[PDB]
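Visitor: structure of the sequence below:
(chains A, B, C, D and E, ligands or ions: 2)
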Amino acid sequence: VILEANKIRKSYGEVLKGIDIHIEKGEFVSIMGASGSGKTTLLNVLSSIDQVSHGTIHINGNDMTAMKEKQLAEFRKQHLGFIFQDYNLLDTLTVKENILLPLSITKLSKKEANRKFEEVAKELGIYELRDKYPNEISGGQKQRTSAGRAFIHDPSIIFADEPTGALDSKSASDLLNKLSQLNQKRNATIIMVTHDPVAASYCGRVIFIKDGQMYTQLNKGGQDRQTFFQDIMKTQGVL
Amino acid sequence: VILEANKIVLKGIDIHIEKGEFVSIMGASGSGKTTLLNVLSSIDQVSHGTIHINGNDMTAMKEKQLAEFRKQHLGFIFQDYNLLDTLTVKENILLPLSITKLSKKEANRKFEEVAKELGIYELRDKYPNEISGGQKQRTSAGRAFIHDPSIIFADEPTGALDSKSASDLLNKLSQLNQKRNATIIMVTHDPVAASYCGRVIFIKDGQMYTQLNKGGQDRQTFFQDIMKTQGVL
Amino acid sequence: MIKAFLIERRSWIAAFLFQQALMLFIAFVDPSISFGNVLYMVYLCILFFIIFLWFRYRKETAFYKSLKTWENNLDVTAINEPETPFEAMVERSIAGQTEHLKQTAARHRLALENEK
Amino acid sequence: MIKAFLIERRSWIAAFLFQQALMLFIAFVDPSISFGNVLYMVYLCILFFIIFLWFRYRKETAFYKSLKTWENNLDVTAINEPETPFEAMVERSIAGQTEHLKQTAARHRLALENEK
Amino acid sequence: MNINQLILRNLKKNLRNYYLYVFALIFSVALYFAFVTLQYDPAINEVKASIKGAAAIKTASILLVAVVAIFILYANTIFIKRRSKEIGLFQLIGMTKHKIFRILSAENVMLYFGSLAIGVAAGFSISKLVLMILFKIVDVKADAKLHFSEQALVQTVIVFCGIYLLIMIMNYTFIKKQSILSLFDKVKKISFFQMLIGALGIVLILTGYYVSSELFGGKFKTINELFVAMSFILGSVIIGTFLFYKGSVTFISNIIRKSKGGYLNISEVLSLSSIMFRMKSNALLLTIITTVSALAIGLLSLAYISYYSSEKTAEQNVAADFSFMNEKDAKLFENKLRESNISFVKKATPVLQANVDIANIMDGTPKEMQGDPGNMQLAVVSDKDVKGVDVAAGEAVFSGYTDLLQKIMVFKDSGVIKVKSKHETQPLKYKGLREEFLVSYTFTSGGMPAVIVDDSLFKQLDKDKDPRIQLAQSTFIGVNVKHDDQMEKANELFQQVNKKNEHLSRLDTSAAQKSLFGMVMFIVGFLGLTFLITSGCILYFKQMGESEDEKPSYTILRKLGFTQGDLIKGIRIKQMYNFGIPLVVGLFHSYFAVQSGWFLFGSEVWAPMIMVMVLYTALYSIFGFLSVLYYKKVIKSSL
Ligand SMILES: CCCCCCCCCCCCCCCCCC(=O)OC[C@H](COP(=O)([O-])OCC(O)COP(=O)([O-])OC[C@@H](COC(=O)CCCCCCCCCCCCCCCCC)OC(=O)CCCCCCCCCCCCCCCCC)OC(=O)CCCCCCCCCCCCCCCCC
Ligand SMILES: CCCCCCCCCCCCCCCCCC(=O)OC[C@H](COP(=O)(O)OCCN)OC(=O)CCCCCCCCCCCCCCCCC
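Guide: Numbering: from 1, shown residues only, chains lettered A, B, ... in the order given. Ligands and ions are numbered 1, 2, ... in the order given. Next comes the structure:
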């Protein structure tokens, strides 16, 4: 495992009341529920955004809490990736230098940096837009280059708070297919929160949370999309 | 009717809005969404067409006199959080009422009620420069509503707001509109903020071709409903 | 608050004024040094020192004055962030004070809920 | 900690240096007063100021050195009694929150036995 | 709340934010009050120079007002422009266009007049200091007193009240011309027009620099050609600088970004996000700042060059400690020093004036200098007259380096030099490149050297001497005295002799040069210091507005994972480029302007000029550091 939470609980509110979480390497999972039920707050506590009051969390065997703000900055910038729903891009920078924004702090040679980008861009279908400013590309490309930025340094755990929050049906399907293919060929575990079962259908395990409690463990089962799409639909409707 | 546009400068649009109907206009860069708002807000840019706010005749003489009907009967919400740095949150809401010689007690529970429904009371005396942008935008919306008006104009309020602040602000506005009926004329550039409303009109060059209204479907269904319409343009 | 600031910085302002007082003594005893020009020269530095003291009063007492919030019963909010190392250590101890208190209360609350 | 105290009083260090810079500039420009006597006195004043600076650091920073009692289980060690008003207010706030920690532990111990 | 409380709160925010503006206003008021006090101070008449002290100060006083009113008007213009957001909000509140103006005027009055009163008190305190500074610079011994003059207070009140009247008119016309609709891409590729502008800006700058390198080489002959060249180089530099800030800076920034590839660190994001798109938005402001700063540095360095070499130049124009035109006054003067128990030596060196053809050894074209090398007046000194190097028959020596002489007169090391007297000419040969100057500039020209010939030839042509070429003197009288402290006693005794001021003393010439150029240095240095404060404050305010425009970029960077400390390093590099590019081009303009005219003033150029930039850069980097502190505050509050 690479993630482990031992009854993680947030006293603010009470949003989290103790939930056990754990995932395996190279796994596609989603956590969701009702609006305002605390699904978003899980990403802010699993990542070191607002810390926590009760419980402990482990990332790749290393403690995710009980640290100061000095080495915490290094940990997020090295082992954690973020795919925000808002593009969070820079208008002054083109796609090429926007993707290689976080890789700069690593301070590696340009020879390998131009090789990592080529592998990432060819695996995302965004190579042709290597020198196009964000204002000259569609919203789907903006999300794709945001995903490439999170995947450029090959982290361990990547959080995607509603990646398809502003994308069309075709763009959401294309991004999800790219992300699922990227995870399979890179063996990097990604977790996300989704308000729609269509985006979370590409997952392997689906677990729902509200008022800080854990319900069910929806294993994929290794069948086609038809079985999983109906299963996630009926469970969400019942819940 | 409440706000009826008759050949409304643009090429002439005939729209019909009832009381407390959240609406949004969708256009392109060359369509002139901001220009339509300015003519709809109807202060300076007015050449042809008439705007009837509950049957009131328009084009009296001047914008300064047009400024004093909107002072008492029109709120304004913007994207830059037009909040005075020196002013406190409580005083910022009470700033429009400070000019009029009031008892200074009527503004008290009026601020209390606004801070109870919308919710600003937790930071009543907190300066705007030391709070997040999600609360400054919310405070500006409350400042507009202190004029107890029936029509509120708000251009792209979720311009400098993230997704969380945009979603938080819109649901606050949506329930506030339900609490007190008041038409909220708004313009939008991102379809995310154009789904919480109840009616969207698309302008390609300044005309009303197709309008989309919600119903049993909402949110994601409405979001993709206007995506195909915007993709048509 | 002015009285407290002046009492603390009594040694420092005495050191600044000691050299000015020294000049008014040697000038009054050295024929080669004119007292009138020294008096203007001392006056220019006194004017600068007074302005410097007033500027440093607000900067060096802003943190400690806001620290009075913790002492009284309005301790339900936060204080201004530290900017200089000495008051940073005070804030660090204050921050360690709340974290230990929060940890103790959380642990005690968990034990109380466990026996129910 | 030398690098911390110097950053603390860098404004006062600069003010004294600027005062000496003005002290030299007026003496050099003005012909009535000498410059050699001022130069010799400034060197003596700087040497005295350095000695005073070391003496001031040793006496003043001692309280903040003892403030490191919360790094480990050294919490039992008592903070030295402060003298300056700034440190007195800091100690009063620390004592106030310590009593706050004492009273909440008693309240929880009251609640734990009351529930029984 | 009440309007009065809002006005007081607005004043507190303005004082906290625009503290540099208040300091600049106080400094300008205090400096102007001191200057007016100096003008009417009766002790200022003790200075003696070509230009009167009162007239020079009055001219500086007028220049100081212009350089301050322009800064004040511009600063207030951008203050209201950045306040236009709350201006429109007030119009939306319901107040008429007069009440909002009254609120703005009331806040401005309580701030402008408050700083004016403080500045008057500061000016009264520093009035003695600037007077002592001027006396020390021009080297005059007198008593400086601290007094308060009613006229100076009246004059500074009237001028600054009139300045604020212009501010009120500008503020009022801004409110009236702005309607309600006032409270609500930049990034693109490089176009062909930007290509031509960028290349032309560099070409024009280098073209002007090359012309300066060959300005006095000898290409131009007449004064009209020199004047039209000066107009061309001034125009080329100004146009080139304006084009450099407009399109050239974008291309250089674009080139390095492309060369660096797509791998840009944090420092290369913030730095390259401003100079590409914000430098060209205020090209005119940057060009004016760069041009005036370069002119101020150039004038200050040239004045210091003359001041540094004033003693050498005074020794240059003379040949001894004293120069006498007639023998009768020498007899009167020698007896005065004889009874003063001071040993002195009087030297009598006859000189000869004639026409000499030097074009045979004049390197290159003989049209470089203003005149005819074939027929020109050259001082001739006999071999026995001086005690330098013995000269044989058929040989000559040229004495006097006089660096300006060498550039205009590019001497060679060998050749045949032809002297054309009233009778048969004689051919000589010279080496040149000497130092000791045997003839004072009262017979020979300021830069023209003196030829040395064997005494046998000098005694030969005594009967055949040109009457056409001889001024009045022939024999030259030079008086020197023992030690150095006797200079003052001799000078004070020599003053009563030259009642008609027909003589010429080394000390008097040095003192006159010291006072004249010292006053110019005092005027230029203080005016440049005032411009330095105003330019730094203006650039600080421009960075203040730019910082608010870049707040969303900092928010995105913080959300990505970059810490505040990481952004500090990028900001420091970006501010270094923003505050360094105008300085670097400004220093380059000053250096190439001084290098083209340094020989016209003195002999040492490297030491005084280096000190000026070093002093200027140190006092200019303070505003850059203050801008960094403001940027640190902004990014701290960004998220
Ligand atoms: C031999 C060699 C020797 C050589 C000798 C000389 C040596 C060389 C020179 C030395 C240069 C080095 C200096 C660098 C140090 C930098 C300072 C620093 O670290 O500050 C950081 C720090 C910044 O911190 P921060 O985190 O950004 O905090 C933000 C502010 O602090 C927030 O603001 P705040 O609250 O702290 O302050 C607000 C406000 C507070 O002030 C006030 O509120 C009081 C004044 C308000 C005025 C308005 C009145 C309002 C009330 C009136 C109401 C009633 C009136 C009604 C009217 C009538 C109507 C009816 O401040 C001001 O605006 C005050 C202005 C400064 C007062 C000084 C006046 C100038 C004296 C004249 C000089 C004379 C020289 C003449 C020529 C000399 C020739 C020999 O600065 C401060 O703390 C602020 C201090 C104020 C400015 C000080 C710096 C000076 C400006 C820099 C100039 C650049 C230097 C270039 C050359 C020098 C000048 C020519
Ligand atoms: C040679 C060319 C002409 C030069 C003319 C110069 C005229 C005087 C202009 C003012 C120059 C002051 C220089 C000496 C300052 C010494 C104090 C100092 O440097 O303090 C630094 C400190 C800010 O640093 P800190 O508190 O560490 O916080 C950093 C983040 N904010 O600062 C502070 O906390 C603020 C307090 C210090 C700044 C204000 C001081 C103003 C003094 C003006 C009095 C002028 C007296 C007459 C001068 C005669 C003419 C020179």
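Visitor: in contact with residue 82, which residues?
Guide: Chain wasn't specified; assuming chain A. With contact taken as CB atoms under 8 Å, 6 or more residues apart in numbering or on different chains, residue A:82 is in contact with A:47, A:150, A:158, A:159, A:160, E:560, E:561. Every C-beta, even on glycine, is put in place using the N, C-alpha and C of the backbone.
Visitor: oops, wrong one, chain E.
Guide: Taking CB under 8 Å, 6+ apart, we find residue E:82 in contact with residue E:545.
Visitor: separation between it and residue E:186?
Guide: In this structure, residue E:82 and residue E:186 are separated by 19 Å, where distance is defined by CB to CB, to the nearest Å.
Visitor: so which helix or strand takes in residue E:379?
Guide: Using DSSP states H and E, the secondary-structure element containing residue E:379 is strand E:377-382.
Visitor: helices or strands next to that strand in the packing?
Guide: Contacting strand E:377-382 under the criterion 3 or more CB pairs under 8 Å, 6 or more residues apart in numbering or on different chains; DSSP states H and E are the following elements: strand E:351-357, strand E:450-453, helix E:455-460.
Visitor: how does it look with 7 Å?
Guide: Contact here means 3 or more CB pairs under 7 Å, 6 or more residues apart in numbering or on different chains; DSSP states H and E; on that basis strand E:377-382 packs against strand E:351-357, strand E:450-453.
Visitor: show residues contacting that strand.
Guide: In this structure, residues lying in contact with strand E:377-382 by CB atoms under 7 Å, 6 or more residues apart in numbering or on different chains are E:349-354, E:356, E:438-439, E:443-444, E:448, E:450-453, E:455, E:458, E:469.
Visitor: residues making contact with stretch E:441-453?
Guide: Counting by CB under 7 Å, 6+ apart, the neighbours of stretch E:441-453 from elsewhere in the structure are E:317, E:323, E:351, E:353, E:356, E:378-383, E:391, E:396-400, E:402, E:404-405, E:408, E:428, E:430, E:438-439, E:471, E:473, E:504.
Visitor: how much space separates the residue of chain A found nearest ligand 1 from residue A:228?
Guide: Going by CB to the nearest ligand atom, ligand 1 is nearest to residue A:69 of chain A, at 22.1 Å. Counting by CB to CB, the gap from residue A:69 to residue A:228 is 41 Å.
Visitor: more crowded one of those two?
Guide: Regarding residue A:69 and residue A:228, a neighbour count based on other CB atoms under 10 Å in any protein chain shown identifies residue A:228 as having more, with 21 against 8.
Visitor: kindly export the helix or strand containing that one (C-alpha atoms) in CSV.
Guide: When elements are assigned from DSSP H and E, residue A:228 belongs to helix A:225-238. Output of helix A:225-238 as CSV, limited to C-alpha atoms (Å, rounded to 0.1, in the frame of the first residue of the first chain):
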residue,chain,number,x,y,z
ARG,A,225,-18.4,-0.6,-18.8
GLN,A,226,-22.1,-1.7,-19.1
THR,A,227,-22.1,-3.6,-15.8
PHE,A,228,-20.1,-1.0,-13.9
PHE,A,229,-22.1,2.0,-15.2
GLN,A,230,-25.4,0.5,-14.0
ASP,A,231,-23.9,-0.7,-10.7
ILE,A,232,-22.5,2.8,-9.8
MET,A,233,-25.8,4.3,-10.9
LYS,A,234,-28.1,2.1,-8.7
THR,A,235,-25.8,2.4,-5.7
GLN,A,236,-25.7,6.2,-6.0
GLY,A,237,-29.4,6.4,-6.3
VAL,A,238,-30.0,4.1,-3.3
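Visitor: now that helix: buried residues?
Guide: Counting neighbours by 16 or more other CB atoms under 10 Å in any protein chain shown, one finds that the buried residues in helix A:225-238 are A:228, A:231, A:232, A:236.
Visitor: could these go into CSV alongside distance to chain E?
Guide: Listed next are these as CSV, based on distance: CB to the nearest CB, whole Å:
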residue, distance to chain E
A:228, 33
A:231, 35
A:232, 30
A:236, 30
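Visitor: returning to what we had before: quick one: contacts of the helix holding residue A:228?
Guide: Outside of helix A:225-238, the residues within contact range by CB under 7 Å, 6+ apart are A:197, A:200, A:201, A:206, A:218, A:220.
Visitor: how about the residues of chain E by chain C?
Guide: Remark: the part of chain E in contact with chain C comprises E:125, E:128, E:146, using CB under 7 Å from any CB of the partner chain.
Visitor: show me where the stretch 251-400 of chain E has its helices.
Guide: According to DSSP state H, counting those that start in this stretch, the stretch 251-400 of chain E carries its helices in the segments E:267-272, E:283-308, E:310-317, E:327-338.
Visitor: for chain A, longest helix please?
Guide: The helix spanning the most residues in chain A, taking DSSP state H as the definition, is helix A:169-186.
Visitor: in that helix, what's buried?
Guide: Buried positions in helix A:169-186, judged by neighbour count with 16+ other CB under 10 Å: A:171, A:172, A:173, A:174, A:175, A:176, A:178, A:179, A:182, A:183.
Visitor: with distance to residue A:63 as extra columns, can I get those in CSV?
Guide: Output for those, formatted as CSV (distance: CB to CB, whole Å):
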residue, distance to residue A:63
A:171, 38
A:172, 35
A:173, 38
A:174, 37
A:175, 33
A:176, 32
A:178, 33
A:179, 28
A:182, 28
A:183, 25
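Visitor: now the two most distant members of these.
Guide: By the measure CB to CB, the buried residues of helix A:169-186 have their two most distant members at A:171 and A:183, which lie 18.5 Å apart.
Visitor: which residues touch residue E:314?
Guide: Each residue near residue E:314 by CB under 7 Å, 6+ apart is listed here: E:506, E:509, E:510, E:513.
Visitor: now it. Nearest residue, chain neighbours left out?
Guide: Using CB to CB, 6 or more residues apart in numbering or on different chains and skipping the chain neighbours, the partner closest in space to residue E:314 is residue E:510 (3.5 Å).
Visitor: measure that neighbour to residue E:177 for me?
Guide: Taking CB to CB as the measure, residue E:510 falls 59 Å from residue E:177.
Visitor: looking at these two, which one has more neighbours?
Guide: When residue E:510 and residue E:177 are compared on other CB under 10 Å, the one with more neighbours turns out to be residue E:510, at 19 against 8.
Visitor: which stretches of the chain form strands?
Guide: If you meant another chain, say so; for now it's chain A. Per DSSP state E, chain A has strands spanning A:3-10, A:16-23, A:28-32, A:54-59, A:62-63, A:80-82, A:157-161, A:189-193, A:205-210, A:213-219. These are given in chain order.
Visitor: not what I meant, chain E
Guide: Under the criterion DSSP E, strands of chain E are mapped to E:322-324, E:344-349, E:351-357, E:377-382, E:397-399, E:417-420, E:426-428, E:450-453, E:476-481, E:504-505.
Visitor: in JSON lines, list those strands along with distance to residue A:23.
Guide: Formatted as JSON lines, the strands of chain E follow (distance: least, CB to CB, whole Å):
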{"stretch": "strand E:322-324", "distance to residue A:23": "101"}
{"stretch": "strand E:344-349", "distance to residue A:23": "105"}
{"stretch": "strand E:351-357", "distance to residue A:23": "102"}
{"stretch": "strand E:377-382", "distance to residue A:23": "100"}
{"stretch": "strand E:397-399", "distance to residue A:23": "95"}
{"stretch": "strand E:417-420", "distance to residue A:23": "100"}
{"stretch": "strand E:426-428", "distance to residue A:23": "104"}
{"stretch": "strand E:450-453", "distance to residue A:23": "99"}
{"stretch": "strand E:476-481", "distance to residue A:23": "100"}
{"stretch": "strand E:504-505", "distance to residue A:23": "98"}
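Visitor: tell me which of those strands sits nearest to residue C:55.
Guide: Nearest to residue C:55 among the strands of chain E is strand E:504-505 (53.0 Å), distances taken as CB to CB.
Visitor: strand partners (parallel or antiparallel) of the closest one?
Guide: For strand E:504-505, the paired strands and their directions (DSSP bridges) read strand E:322-324 (antiparallel).
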